[PDB]
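Asks: A single structure is presented below for examination.
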Amino acid sequence: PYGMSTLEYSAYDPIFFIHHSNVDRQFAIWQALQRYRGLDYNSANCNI
Amino acid sequence: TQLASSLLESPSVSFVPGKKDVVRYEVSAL
Amino acid sequence: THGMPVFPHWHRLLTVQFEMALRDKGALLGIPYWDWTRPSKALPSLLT
Amino acid sequence: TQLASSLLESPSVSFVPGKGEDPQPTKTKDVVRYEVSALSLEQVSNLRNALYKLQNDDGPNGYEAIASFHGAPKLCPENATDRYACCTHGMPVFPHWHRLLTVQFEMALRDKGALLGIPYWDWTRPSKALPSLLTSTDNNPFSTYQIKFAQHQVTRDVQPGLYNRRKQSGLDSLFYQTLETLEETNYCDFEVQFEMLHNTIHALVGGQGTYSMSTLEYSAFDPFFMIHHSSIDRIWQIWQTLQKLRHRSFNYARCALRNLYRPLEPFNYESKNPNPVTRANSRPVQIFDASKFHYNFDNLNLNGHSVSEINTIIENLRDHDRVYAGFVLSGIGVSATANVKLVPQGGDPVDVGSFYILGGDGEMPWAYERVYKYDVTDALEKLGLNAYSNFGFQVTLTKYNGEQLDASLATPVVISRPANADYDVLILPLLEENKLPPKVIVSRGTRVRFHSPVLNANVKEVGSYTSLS
Amino acid sequence: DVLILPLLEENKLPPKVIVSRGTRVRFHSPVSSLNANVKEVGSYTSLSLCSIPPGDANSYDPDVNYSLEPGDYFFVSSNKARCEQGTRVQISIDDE
Amino acid sequence: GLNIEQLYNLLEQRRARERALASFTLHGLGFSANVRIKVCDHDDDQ
């Protein structure tokens, strides 16, 4: 009940920090994916 | 009757791309 | 003519015939005009 | 706890057959920069038109109005009893001011109507002559402009050596030394030599005439002068993109902490800065990004050599150990040059190279705590003597106007690059002359050594500057 | 706290001072006729050469309080004779 | 209206242009004749 499973209290443990850093890296690699594919990354045509 | 507006959420916006008669002028704009 | 009320009419005629003369040499415009009272420093470069 | 299934709706099934699209939005409404010698009639005419009408404009954003911030007539600061120069020199926050100047120029061009950004010319590739687009004489505004302020014409004294450049170390001298600058893995230690190279060829293309860009007063009103800084921005950005993959940060720097947190001037002024972009972009923390600036290049290769070629030639040259000299410079208030000559250990002098400095009367006084590295060892391996040798230097200082000067400079220091070692070695000479500079900052983990002719006077870390008294 | 340095004709003060946290700086003048401005340079070469910067840029008025950011300032009086006099006072601001 | 230097500058600026050329190897058929050539999309397969 006071663990990191609940969304609010999760941010206290640095495991949340590590997880978000890693998922940020594995999201930012998608930018290089779009770089290779020649597509558009600098803008999003959804929910502007 | 003017019904509520909560039963419909916020509309989203999106964009899609696609596929004689002489007239003397000033010397500054020349 | 100078000092007589014929000065502006005569000078307008002179300008017209100078424009006609310049028409001979393959141009598209007449005698350029400009405002000296416009905020500036000196004469335009092409003059000097 | 369990939950009622009514809270989630039954899923659906989809089936995509295997193989064996989306559009392309964002037309990138950013002006782009091309090589000068890769253009055609339409855009060369557009650039000529932009130049001619910007020269003709006399408004708040005219050519004179925008170029007064750099060289003359010293409108700095806003409405003071006396006036100095807004030009930022001698300070490692140098590139930001010039970058904002260039982006303001590009905004002026876009306002004029040209859709293509400023061109950049590369000097690393050998050139028999300067580009025809600027050497043309059939009514070419790029050739020369007649200043309204000083009421004079800018002369052009191109040094002929830029064509028959000496091939030092089996390569162009300029390309070799810019590679030796690129090898630096530290931000400000790189950018000090970077600004030095910025300074170097200014006097080369200025030549001898007083009404030339060699002096800062007559520098700010030439198309070549205003494209040189665009080329400098290009080389800075390519160094950034090379360094960012070597696992070393580039923006963050403890060597110039104080100067990074001031609005840039006179861009911070409201009196004569119409452009909101450069009005609100005064913060050096946010200058670095270019996405908010909307300008980008096309290719980054130099001399037909891609990023990997430099990334391997750096260690290719570090394998061959070599010693080098270092000077220390400070402002004098006038653009000048210096020529260094050897005094080897019991041998005849050997010419190696020169020195170049750009300055003005209204300069804000500055100094260079960091040493400037220079390549004096060509004569060393010519004579065959060991690197850890003893010798001297002599300097001939002359202003570009061609007269003797008196503002001499401190004694050199010796720094060598050990083979296969990232750090350098710094050796201080202990002799009977107190010509060494007072204080020096040192790169990380650099080897330290002390040379003496025997005179074995050691040194002590007293722990306080008050110990001087 | 506040440290107040009068514009003394001669400076017996120790050349360098390392201030503490929360220490404002004020300049004073023993005689009201000595209310001249004081300059700043920020480099040791300028400390040992006394190149006067044009204009009032980087200069402080006496009898005026000042808060200075963390840094080292090699203050020199505006007077050119003070260059040979030797009023090179180094101040290091403490930001903990 | 172009002089030697003018046509010069034209030739250097033209050398950098990128063109699509048709290369011809002709010989003559005993009579004057002309050839009209057309381009089409690369569709080699309504």
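Bear in mind these aren't lab numbers, they're just calculated from the coordinates by the rules spelled out. Because the Cβ atoms are built from the backbone with ideal geometry, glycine has one as well, and the counts that use them run over all protein chains shown.
Asks: Could you list all residues from the range D:343-355 that are assigned to a strand (DSSP E or B) and closer than 20 Å to D:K167 by Cβ?
Replies: D:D351, D:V352, D:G353, D:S354
Asks: So which residues in the range D:151-199 are over 17 Å from D:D233 (Cα atoms) and among the hydroxyl-bearing types (S, T, Y), if there are any at all?
Replies: Listed by number, the residues that qualify are D:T155, D:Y163, D:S169, D:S173, D:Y176, D:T185.
Here's the yes/no breakdown for (1) of a type outside the set (V, I, T); (2) exposed (fewer than 15 other Cβ atoms within 10 Å of the Cβ); (3) farther than 24 Å from E:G22 by Cβ; (4) out of contact with any helix residue (DSSP H, G or I) (no Cβ under 7 Å at 6 or more places or on another chain):
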{"residue": "E:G55", "(1), (2), (3), (4)": "yes, no, yes, yes"}
{"residue": "E:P62", "(1), (2), (3), (4)": "yes, no, no, yes"}
{"residue": "E:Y73", "(1), (2), (3), (4)": "yes, no, no, yes"}
{"residue": "E:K80", "(1), (2), (3), (4)": "yes, yes, yes, yes"}
{"residue": "E:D95", "(1), (2), (3), (4)": "yes, yes, no, yes"}
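Asks: Hey, another quick one. Residues of the range D:414-452 being closer than 25 Å to E:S51 by Cα and either surrounded by 14 or more Cβ atoms within 10 Å (Cβ to Cβ) or in contact with a helix residue (DSSP H, G or I) (Cβ under 8 Å, 6 or more places away or on another chain) (or both), which ones?
Replies: Matches in the range D:414-452: D:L436, D:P437, D:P438, D:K439, D:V440.
Asks: Then there's this: For the range D:35-53, which residues satisfy the criterion of being under 29 Å from D:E217 (Cα atoms) and either among the acidic types (D, E) or under 26 Å from the mean Cα position of the chain (by Cα) (or both)?
Replies: Once the filter is applied, which keeps residues that are under 29 Å from D:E217 (Cα atoms) and either among the acidic types (D, E) or under 26 Å from the mean Cα position of the chain (by Cα) (or both), the range D:35-53 yields D:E35, D:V36, D:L47, D:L51.
Asks: Name the single residue, out of those in the range E:43-79 being of a type in the set (G, A, S) and more than 8 Å from every other protein chain (Cβ to nearest Cβ), that is farthest from D:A407 (Cα to Cα).
Replies: Among those that are of a type in the set (G, A, S) and more than 8 Å from every other protein chain (Cβ to nearest Cβ), it is E:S67.
Asks: Residue check: is D:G347 out of contact with any strand residue (DSSP E or B) (no Cβ under 6 Å at 6 or more places or on another chain), surrounded by fewer than 15 Cβ atoms within 10 Å (Cβ to Cβ) and at positive phi?
Replies: no
Asks: Can you pull out the residues in the range D:137-175 that are hydroxyl-bearing (S, T, Y) and either in contact with a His (Cβ under 9 Å, 6 or more places away or on another chain) or under 16 Å from D:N303 (Cβ atoms) (or both)?
Replies: Passing the criteria: D:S169, D:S173.
Asks: Step by step: first the residues of the range D:350-396, then only those that are among the β-branched types (V, I, T) and closer than 30 Å to E:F74 by Cβ, then the one that is surrounded by the fewest Cβ atoms within 10 Å (Cβ to Cβ). Which residue is that?
Replies: It comes out as D:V395.
Asks: Would you pick out the residues in the range C:29-45 that are surrounded by 11 or more Cβ atoms within 10 Å (Cβ to Cβ), farther than 15 Å from C:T15 by Cα and either among the charged types (D, E, K, R) or facing chain B (nearest Cβ under 7 Å) (or both)?
Replies: C:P44
Asks: Just give me the residues in the range D:111-135 being buried (at least 18 other Cβ atoms within 10 Å of the Cβ) and either touching a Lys or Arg at 6+ places or on another chain (Cβ under 7 Å) or of a type in the set (D, E, K, R) (or both), in sequence order.
Replies: Correct list: D:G117, D:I118, D:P119, D:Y120.
Asks: Looking only at the range A:4-17, decide whether some residue is under 30 Å from D:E21 (Cβ atoms), more than 12 Å from chain D (Cβ to nearest Cβ) and not in a loop (DSSP other than H, G, I, E, B).
Replies: no
To keep it simple, each residue is scored yes or no on (1) part of a loop (DSSP other than H, G, I, E, B); (2) away from chain E (no Cβ under 14 Å); (3) closer than 23 Å to D:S231 by Cβ.
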site	(1), (2), (3)
D:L3	yes, yes, no
D:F69	yes, yes, yes
D:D82	yes, no, no
D:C87	yes, no, yes
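Listed here are the residues, each with its yes/no results for (1) among the aliphatic types (A, V, I, L, M); (2) within 25 Å of D:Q151 (Cα to Cα); (3) not in a loop (DSSP other than H, G, I, E, B).
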{"position": "D:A38", "(1), (2), (3)": "yes, no, no"}
{"position": "D:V44", "(1), (2), (3)": "yes, no, yes"}
{"position": "D:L47", "(1), (2), (3)": "yes, no, yes"}
{"position": "D:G59", "(1), (2), (3)": "no, yes, no"}
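Asks: Which residue is farthest from the chain's Cα centre (by Cα), if the candidates are limited to the range E:37-51 and must be surrounded by 15 or more Cβ atoms within 10 Å (Cβ to Cβ) and assigned to a loop (DSSP other than H, G, I, E, B)?
Replies: Restricting to residues being surrounded by 15 or more Cβ atoms within 10 Å (Cβ to Cβ) and assigned to a loop (DSSP other than H, G, I, E, B), the top hit is E:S51.
Asks: May I ask you to list the residues in the range D:363-417 that are of a type in the set (S, T, N, Q) and over 17 Å from D:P438 (Cα atoms)?
Replies: D:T377, D:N386, D:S389, D:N390, D:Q394, D:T396, D:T398, D:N401, D:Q404, D:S416
Asks: Would you check which residues across the range C:1-22 are among the charged types (D, E, K, R) and over 24 Å from B:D21 (Cβ atoms) and list them?
Replies: Those that are among the charged types (D, E, K, R) and over 24 Å from B:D21 (Cβ atoms): none in the range C:1-22.
Asks: Shifting gears a bit: For the range D:246-269: of the residues being over 13 Å from D:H96 (Cα atoms) and touching a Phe, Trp or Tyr at 6+ places or on another chain (Cβ under 8 Å), which is nearest to the other protein chains (Cβ to nearest Cβ)?
Replies: Per the criteria, the residue is D:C255.
Asks: What pairs come up if the first residue lies in the range E:1-30 and is more than 14 Å from chain D (Cβ to nearest Cβ), the second is among the basic types (K, R) and surrounded by fewer than 15 Cβ atoms within 10 Å (Cβ to Cβ), and their beta carbons are under 6 Å apart, counting only those six or more places apart or on different chains?
Replies: Final answer for the pair search is E:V2/E:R24.
Residue by residue, here is whether (1) more than 23 Å from the chain's Cα centre (by Cα); (2) acidic (D, E); (3) surrounded by fewer than 20 Cβ atoms within 10 Å (Cβ to Cβ); (4) not in a helix (DSSP H, G or I) holds:
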site	(1), (2), (3), (4)
D:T137	yes, no, yes, yes
D:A150	yes, no, yes, yes
D:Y176	no, no, yes, no
D:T185	no, no, yes, yes
D:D189	no, yes, no, no
D:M196	no, no, no, no
D:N199	no, no, yes, no
D:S212	no, no, no, yes
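Asks: Regarding D:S230, is this residue in contact with a helix residue (DSSP H, G or I) (Cβ under 6 Å, 6 or more places away or on another chain), hydroxyl-bearing (S, T, Y), in a helix (DSSP H, G or I) and closer than 29 Å to D:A67 by Cα?
Replies: It is true that D:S230 is in contact with a helix residue (DSSP H, G or I) (Cβ under 6 Å, 6 or more places away or on another chain), hydroxyl-bearing (S, T, Y), in a helix (DSSP H, G or I) and closer than 29 Å to D:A67 by Cα.
Asks: Hey, another quick one. Give D:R99, D:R110 a once-over and let me know the one that is assigned to a helix (DSSP H, G or I), touching a strand residue (DSSP E or B) at 6+ places or on another chain (Cβ under 8 Å) and either away from chain E (no Cβ under 14 Å) or farther than 22 Å from D:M213 by Cα (or both).
Replies: D:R110
Asks: Quick one: which residue in D:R449, D:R444 is more than 12 Å from every other protein chain (Cβ to nearest Cβ) and part of a strand (DSSP E or B)?
Replies: Exactly one residue qualifies, and that residue is D:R449.
Asks: Write out, first by first residue and then by second, each pair whose Cβ atoms fall under 7 Å of each other, whose residues are 6+ apart or on separate chains, and whose first residue, in the range A:13-31, is over 21 Å from A:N42 (Cβ atoms) while the second is assigned to a helix (DSSP H, G or I).
Replies: A:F16/A:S10
Asks: Now a separate question. If I filter the range D:46-53 for residues that are of a type in the set (G, A, S), more than 7 Å from every other protein chain (Cβ to nearest Cβ) and surrounded by fewer than 17 Cβ atoms within 10 Å (Cβ to Cβ), do I get at least one hit?
Replies: Taking every residue of the range D:46-53 in turn, none turns out to be of a type in the set (G, A, S), more than 7 Å from every other protein chain (Cβ to nearest Cβ) and surrounded by fewer than 17 Cβ atoms within 10 Å (Cβ to Cβ).
Asks: With respect to the numbered conditions (1) within 29 Å of D:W239 (Cα to Cα); (2) within 14 Å of chain E (Cβ to nearest Cβ), which one is the sole condition not fulfilled by D:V334?
Replies: Unmet for D:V334, out of (1) within 29 Å of D:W239 (Cα to Cα); (2) within 14 Å of chain E (Cβ to nearest Cβ): (1).
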